[PDB]
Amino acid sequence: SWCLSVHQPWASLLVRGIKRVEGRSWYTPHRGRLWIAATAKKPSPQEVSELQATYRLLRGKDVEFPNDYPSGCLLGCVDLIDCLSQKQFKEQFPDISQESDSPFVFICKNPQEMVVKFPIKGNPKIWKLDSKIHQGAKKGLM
């Protein structure tokens, strides 16, 4: 039921598995499924192209990006398997530690992207999905 709001284009990159961690200033004890919602902040087309070029160099020239980075909607989910300090992050993930310098680094696995994305209004930190949205989101994962 719990959800995290993330700015595009990073939000869709997370549920695609292209972005593997998300950094925040705060720790969460939450583990397991964490839904990912895009915030309402629309990224400029310049931001999107520049971030895609960067991720092409980190992951490979043939990485398959989403066609669109919709804002203000529920995108999918990840498994939040750990929430590491920056010191722990460098120790455990040397190969990607450069990908977040935040005080706490959310380590994400098993991303799933919803085929039908639903409009939603987010909140700070981890918040709970409304039950109707949650129900439809689970169906749309099949």
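Take the two forms, superpose them, and find the largest set of C-alpha atoms that agree within 1.5 Å; that set is the rigid core. Just count from 1 along the sequence shown to find any residue number.
Where the structures in 7 other deposited structures of this protein are fitted on the rigid core, 52-60 is the one of 52-60 and 80-88 whose C-alphas sit farther from the shown form on average. Comparing the two stretches 61-69 and 22-30 by root mean square C-alpha distance in 7 other deposited structures of this protein, with all structures fitted on the core, the more displaced one is 61-69.
The mean Cα B-factor in the deposited entry runs higher for 60-68 than for the other of 97-105 and 60-68. Mean CA B-factor, 8-16 versus 130-138: the higher value falls on 130-138. By the numbers in the PDB entry, the CA B factor is greatest at 46 among 39, 46, 28, 85.
Ranked against the other modelled residues of its chain, the C-alpha B-factor of residue 75 as given in the entry falls in the lowest third.
Looking at the C-alpha B-factors along this chain, the one for residue 51 belongs to the middle third.
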